[PDB]
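Input: a single structure, listed below in structure tokens.
When we count neighbours, we look across all protein chains shown, and the Cβ atoms used for this are built from the backbone with ideal geometry, even at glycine. Readers should treat all values here as calculations from the given coordinates under stated rules, not as data from a laboratory.
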Amino acid sequence: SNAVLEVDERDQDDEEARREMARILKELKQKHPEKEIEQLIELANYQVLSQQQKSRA
């Protein structure tokens, strides 16, 4: 028998996380030329923090 099992654990990668942050920053900088560097770092960190969310380390 093989038996099917499911895990409730998630893994994080440096290549997938770096490509995701580079896609949101390149799309807001090329589309929104009237936005400053302060508004780009505040909306980028607030979007990845609200989607993943951290309570305990």
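Of the residues screened, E42 is not one that is surrounded by 10 or more Cβ atoms within 10 Å (Cβ to Cβ), among the acidic types (D, E) and within 10 Å of the chain's Cα centre (by Cα). For segment 1-51, the set of residues classified as touching a helix residue (DSSP H, G or I) at 6+ places or on another chain (Cβ under 8 Å) and assigned to a helix (DSSP H, G or I) consists of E20, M21, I24, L25, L28, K29, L40, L43, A44, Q47, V48, listed by residue number. Screening segment 17-34 for residues that are of a type in the set (D, E) and surrounded by 10 or more Cβ atoms within 10 Å (Cβ to Cβ) and picking the one that is farthest from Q53 (Cα to Cα) gives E27.
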